[PDB]
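> experimental structure and sequence below.
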Amino acid sequence: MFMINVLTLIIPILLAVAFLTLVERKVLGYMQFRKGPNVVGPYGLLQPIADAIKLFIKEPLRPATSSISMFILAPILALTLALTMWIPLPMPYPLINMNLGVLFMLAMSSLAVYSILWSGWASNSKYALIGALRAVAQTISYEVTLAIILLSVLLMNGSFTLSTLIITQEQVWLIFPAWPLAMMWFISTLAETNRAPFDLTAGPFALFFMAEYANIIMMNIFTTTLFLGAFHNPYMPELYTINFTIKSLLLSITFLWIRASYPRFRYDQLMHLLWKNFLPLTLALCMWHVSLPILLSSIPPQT
Amino acid sequence: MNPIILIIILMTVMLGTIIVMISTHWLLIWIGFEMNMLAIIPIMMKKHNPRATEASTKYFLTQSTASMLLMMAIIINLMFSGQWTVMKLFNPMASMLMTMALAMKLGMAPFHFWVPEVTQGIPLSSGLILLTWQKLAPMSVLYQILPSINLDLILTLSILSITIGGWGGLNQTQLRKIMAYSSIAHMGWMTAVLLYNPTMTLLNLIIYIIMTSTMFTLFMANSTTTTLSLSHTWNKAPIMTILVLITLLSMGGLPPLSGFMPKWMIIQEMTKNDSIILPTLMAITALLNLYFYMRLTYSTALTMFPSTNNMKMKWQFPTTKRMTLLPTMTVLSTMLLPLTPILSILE
Amino acid sequence: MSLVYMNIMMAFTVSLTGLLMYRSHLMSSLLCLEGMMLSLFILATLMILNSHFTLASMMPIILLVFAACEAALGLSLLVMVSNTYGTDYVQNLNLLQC
Amino acid sequence: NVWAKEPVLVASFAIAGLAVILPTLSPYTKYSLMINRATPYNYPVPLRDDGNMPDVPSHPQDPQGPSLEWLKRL
Amino acid sequence: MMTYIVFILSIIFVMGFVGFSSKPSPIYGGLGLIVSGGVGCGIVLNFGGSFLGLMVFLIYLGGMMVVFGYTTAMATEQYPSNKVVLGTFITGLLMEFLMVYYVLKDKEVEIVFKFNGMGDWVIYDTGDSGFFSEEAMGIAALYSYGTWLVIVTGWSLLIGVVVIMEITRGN
Amino acid sequence: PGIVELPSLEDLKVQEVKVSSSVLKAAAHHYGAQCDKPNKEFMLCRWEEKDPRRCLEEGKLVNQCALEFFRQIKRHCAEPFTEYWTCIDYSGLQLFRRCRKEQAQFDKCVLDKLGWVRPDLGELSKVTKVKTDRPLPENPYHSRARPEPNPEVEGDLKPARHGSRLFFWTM
Amino acid sequence: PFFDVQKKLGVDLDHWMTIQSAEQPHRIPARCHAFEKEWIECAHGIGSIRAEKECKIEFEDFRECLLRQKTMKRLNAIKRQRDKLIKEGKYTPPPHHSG
Amino acid sequence: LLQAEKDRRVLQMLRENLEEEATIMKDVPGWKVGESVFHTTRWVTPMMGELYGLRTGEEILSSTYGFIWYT
Amino acid sequence: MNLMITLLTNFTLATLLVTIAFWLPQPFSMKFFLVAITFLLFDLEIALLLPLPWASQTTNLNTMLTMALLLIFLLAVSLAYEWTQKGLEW
Amino acid sequence: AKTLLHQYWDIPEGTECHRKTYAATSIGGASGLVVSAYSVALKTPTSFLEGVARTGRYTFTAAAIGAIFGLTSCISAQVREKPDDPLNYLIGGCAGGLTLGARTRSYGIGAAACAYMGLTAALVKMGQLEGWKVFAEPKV
């Protein structure tokens, strides 16, 4: 039954990613003045089915490789991260209840940094190597920030079990005692998913594409667990799963919606902005969220 | 280089060495050795020539692998009877690995291959500070953990370091290599009497540090690399010559002079045991490492090499180097002969 | 004797011989130093866990962070050597002869 | 002044300084330490009965021992 | 899939140390140290291992091999296996095969020790009332008792920062 | 050397309270109220002698006290005690804030029909005296005597006897 | 040399990371607590040489608590004997779960 | 109550396991049947091979390594 | 080994996806390096910080506040030092 | 190592012969392997056949010196029938030095090696005869 649980987690990820491709194309089309894709059947779900199976059909990139084994070894790592990163995420009952899951989140984000760096070295000549090197730099510069902010928002709750998080979100949303910290965290999720307004300007393109969008849905689900949501009365998990899905969908639409209308940043502006504006502000919020639970007589019941 | 940054780096060298002196935990000793390395790396490469860069590379590799083998010895110590008290160890194997780690830390005969190479391509200040604190820092640790060491380790490294610093040493006119081979021979001496009475080891450490400070201060008074430059220092000034005479003869250790006092007390409290052939072998090699001192003195102050003009030009400028503290260290280092019962000032 | 300790000590000797004999690149030597570091980490951590040595359980993480910043210094030194030369071989260092 | 020059730095220094100072003027830190002390992890170990001591109460209902009452009353 | 899984993951661990101690190109070396760190994480989590083995994973497999592969990418080229590398890999596999064969079909293997040869379900806790996962409260010290230790650690890292900038052209 | 002194199978037969875990967890506080008065005898035996195979009569005593308590709660109100613990059973790890209204119902049953006020927080704490019948043991760490004392060097010190007593530099 | 400012200033800042049985932040013991307490009380007012030649029995007891070498040797001998006699076939074993 | 059941269960394994040992080792010379290796007359906590020894795999793996990788 | 079962199933299904996708159709700058080492050193200081929510339940609270503020203060001093001293400029 | 030097000195000297020469050849093979290991570490022969040749030459010469030392040791001890003198091992050290000079094929090195090896061998037997401890008391 446990392998049935694993397959019921990792079978709908292909459905979710392909339908996310049609949803991002349609939503960008209606932020723009475009209808479609809707000639390919009714509103185009067979359109992601069709282009996915087309890219499977289409003849691969000829090598042109260096260590064929290494070249296959990078995207296999990217996709197995994208699969193995929905294990401790609680919608009401997670797959594995852990003592700690958030450090596992940050560690697998660093393994995604490994995926980028290995594909960049094993790819090609020197210019793509320089481009992927800048990409690894602008990816690695934010795991300071996101881990710092995630630490300061769990410090209100003391424990790492994350079912204690779904307990402690019962009264108010956690956006209210930490709005700027959550806002900076959301900007860091835009950084980790490596999308607009942040620049990145391969093979297999579908697998790197899959890792991208599963990373996005991963960060959205972790956001929806982490900062908002509602209660969970037991012996009825459909209620929390509905409210969780609706809030995560609204947040992912907001994510692509923020992507839709902003130009890409200059690179030295990106590093300058991150260090000299997020890093003292994260330290300020950390020291205040340390010194405040010792003030207000509320240190969490870390069992 | 900023002077604030140099004061900070000196503060961290002093902090690391004082942490090695003062702590009772093994992790803190390892932290002190590592921080001593990390701080002493940018004292070298004080200029930007590639000589200092390769010297710092060799030094970093040997120093880091010594540090990690020391950590291996400590984790063996807690694989056996486990507590973090600087005391008698609980394994001959762990003590073997630990004394070989410290033998890499401070100048020993199988491990001395980095010492002349690290001293040749660096300026004088970096060589002075590395010899002083990198031969002071492990001696406290060995003074601590002496009661659980197989003696053949320490005695083999001491004998072989004295004879290597002897025999290697007859061939170099690079003065940094001369002082480095002298450091190897004296560290063999200062390690030899560790298991009999360590008061002699620490007094020999004091005398050696003061002697090397006098010698390197005399070289910093007028920048030389070879003996011919010392003959030009004979031409330009006479008092530096008699200082080179007295300090080289006190490195030689003659009984009218204060460098003999560390040899003689070693021979005393070594021969109150049943060790006689080992003292006469060590003191024959102490006669051996005086020969390059003596040919250096013959090159400097007693015979005279032909000189070059523009020394005529340098006559019109009186000396304007600052010495850190040369004369106090000199007469503390050389006229200390009737103060032998300042032996017991130490323990 | 908790048999796994034999294998981790043999792994330490593996990493130590890999640190000592090394042919061409200094980066392999530094990475085997890091492997030796990991070996000491794991060995001491299993010892402290099975001892229930619960007061001073700081040794794994603090040994880790110190020898990690050692590896950082080694990276900077290797970058400086590779900056003033073309490559970072063990060769092209035979200047400053002993 | 520097409020126009580098403003997010000045705001960071301000919240930093109040985070430094503000635990000094605080009527709740002793409450924090009493809450943190009054939570037991191990077993509350008993003792050999009495040298006829007017402490260490025999029934756990007896309020002669030190208890908590500011917990229930906020 | 059975009892000696700690021993088997240790076999793969020492194989990984051999696999980059044979001196390949240093990006293969970084791959070997990543695989070795993952299975070392597996070993220490088998001893449980609740925090420290997931803690190393962010540092070495999260922050150190990243910069090692970075410096492999930016400094050395190694632009094209060899006899010596794979021959040392063969001899390392032979030495491990010999040692584990003599562990299996005999009593004990002695370098100079007595390694009591069987898989380690011994020793372990006899089901105590842990209740806080003793690693967790142990490392949840260092801020009450740990006055000196964290101070000298942070001070060493600060001095590491100023050292790195000086060698890489301070100021 | 010395062999252990195990108890027999005649003392290893107590009517074991073969009940399940969630009912035992939900039935904890009033079991701390009415019973658990004569088991601090067992606790003090366990902490004055670190030796089970000795304190087992008091283990049989707490076993029969808990069985008597569950007999007494079995015979009277409530039978919806069964409803209360099955309300708290399937809720993962058993938080006591889960089924609170039926906790109030069981409290009102046992209060209006039997007594047994629930122990308010924090009264399952607050270090408690206990008297026993057995006298308290001495030196359970069965060791030898402390072998030798060092003779403490005291007395007002004389000056030096004829100086250093080295070769020369007398006085 | 080893100095004693650690004792001189009266700040015992480094004696708590040192042994077991110093007070943990929650009052829990180690696995070999009492063996340590009796060993330290055996070798306290002692010049570390009659510690070598007098407290040997309790030190060996503490060492075999810490590593459990020969106890595992006895258990391993029992395992090998059990394997060879079940290889023989005498008393198809009722030491597991039943008679 | 849990403490009393735990003590009776570990003494039950001690009694049955030393009965098994007394049945099984009557061939070797020497071998007192129930010696602690230690010297002091104190109940040491056993080592999970004195408790869960020769149980053949299943219960010792579900007992020692249970919580370590149970979820 | 339960999460090892999950890891095994994800790894095997990912390898099935890749291999069935494959059998079917047939110089440098110092500025690149400073940011990585700055990441490394501040990440190690994060590693020193992060057991803070473990620790907040003890009988020594003022000291914990003081040393926690000392750790973030030292991290801020390092940040402001490389900020003012042209460590991250272009 | 201590085991084989103990096997050499455990023989009464005295005559229990040709075990003395076998132990002396073992000493020579060990010392030749030591010095040849340092030399092959510090030369890089290129080719490796030259390295094997140099190690074989060093081991062969040191084993030859040990063998000839043991042979004339045994012969002088049997002939003179006075096992207490160091003069027999003075003859031994001079014979070993002469054959060292023979295997390096120069004669002045053989003469100086005769003198120094004879003096050292007489001192070794003489110190074993009186009793001078290895490296230490280490007491006071």
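Cool, the structure landed. Numbering: from 1, shown residues only, chains lettered A, B, ... in the order given.

> isn't residue E:85 up against residue E:20?
No - with contact defined as CB atoms under 8 Å, residue E:85 does not reach residue E:20; the gap is 10.2 Å. Bear in mind the C-beta positions are built from the backbone N, C-alpha and C, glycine included.

> so the most centrally placed residue in chain F: helix, strand or coil?
By CA atoms, centre = their mean, chain F has its centre lying nearest to residue F:43, at 3.7 Å. Here residue F:43 is recorded as helix under DSSP: H, G, I helix; E, B strand; the rest coil.

> dump the residue contacts of the spatially closest residue to it that is not a sequence neighbour.
Leaving aside its chain neighbours, residue F:43 sits nearest to residue D:46 (5.5 Å; criterion: CB to CB, 6 or more residues apart in numbering or on different chains). By CB atoms under 8 Å, 6 or more residues apart in numbering or on different chains, residue D:46 lies in contact with F:40, F:43, F:44, F:47, F:127, F:128, F:129, F:130.

> go on, residue C:16?
B:69, B:72, C:36.

> and which of these is nearest to residue A:76?
residue C:36 (29.4 Å; CB to CB).

> ok, residue 98 - contacts?
Just going to use chain A. A:88, A:104, A:160, A:161, A:162, H:71.

> I'd assumed residue A:101 was in contact with the fifth one.
Yes - counting by CB under 8 Å, a contact exists between residue A:162 and residue A:101, whose distance comes to 5.3 Å.

> now do the shared contacts for those two.
In contact with both residue A:162 and residue A:101: residue A:88, using CB under 8 Å, 6+ apart.

> can you tell me the closest non-neighbouring residue to residue I:80?
residue A:280 (7.7 Å).

> isn't that neighbour right up against residue D:7?
No - Residue A:280 lies out of contact with residue D:7 (CB under 8 Å); the separation is 11.7 Å.

> correct me, but the residue nearest to the centre of chain F touches residue D:43?
Yes - counting by CB under 8 Å, residue F:43 does reach residue D:43; the two are 7.4 Å apart.

> and the gap between the residue nearest the centre of chain C and residue H:67?
Centroid-nearest residue in chain C, with CA atoms, centre = their mean: residue C:33, separated by 2.1 Å. Plainly put, residue C:33 is 36 Å away from residue H:67 if you go by CB to CB, to the nearest Å.

> how about residue D:41?
18 Å.

> so where do the helices sit in chain J?
For chain J, the helices defined by DSSP state H cover J:2-10, J:19-41, J:48-80, J:87-104, J:107-130.

> now these in CSV, with distance to chain B?
Below are these laid out as CSV (distance: least, CB to the nearest CB, whole Å):
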stretch, distance to chain B
helix J:2-10, 9
helix J:19-41, 10
helix J:48-80, 19
helix J:87-104, 17
helix J:107-130, 7
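
> and those, which is most packed in?
Compared across the helices of chain J, helix J:87-104 shows the largest average neighbour count, a mean of 21 (mean count of other CB atoms under 10 Å in any protein chain shown).

> so which bits of chain G are right by chain C?
Listed as neighbours of chain C in chain G under the rule CB under 8 Å from any CB of the partner chain: G:17-18, G:20, G:22, G:24-25, G:28-32, G:66-67, G:69, G:72.

> apologies, that question was intended for chain F.
So chain F never meets chain C (CB under 8 Å from any CB).

> same for the longest helix along chain D, what does it pack against?
Ranked by residue count, the top helix of chain D under DSSP H comes out as helix D:7-21. When contacts are defined as 3 or more CB pairs under 8 Å, 6 or more residues apart in numbering or on different chains; DSSP states H and E, helix D:7-21 sits against helix A:279-291, helix I:61-84.

> reformat those as a markdown table; add distance to residue B:182 and mean neighbour count.
As requested, those are exported to a markdown table (distance: least, CB to CB, whole Å; neighbours: other CB atoms under 10 Å in any protein chain shown):
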| stretch | distance to residue B:182 | mean neighbour count |
| --- | --- | --- |
| helix A:279-291 | 51 | 22 |
| helix I:61-84 | 41 | 18 |
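
> secondary structure class for whatever residue of chain A ends up closest to chain C?
As assessed by CB to the nearest CB, chain C sits closest to residue A:103 within chain A, at 12.8 Å. Here residue A:103 is recorded as helix under three-state DSSP.

> the nearest residue to it once chain neighbours are set aside sits in which helix or strand?
Setting aside the residues directly before and after it, residue A:103 is nearest to residue E:54 in space (CB to CB, 6+ apart), at 5.4 Å. Using DSSP states H and E, residue E:54 sits in helix E:52-59.

> contact partners of that helix?
In contact with helix E:52-59 (CB under 8 Å, 6+ apart) are residues A:100, A:103-104, A:106-107, A:110, C:38, C:41, C:45, C:60-61, C:64-65, C:68, E:37-38, E:40-41, E:43-45, E:135, E:139, I:43-44, I:47.
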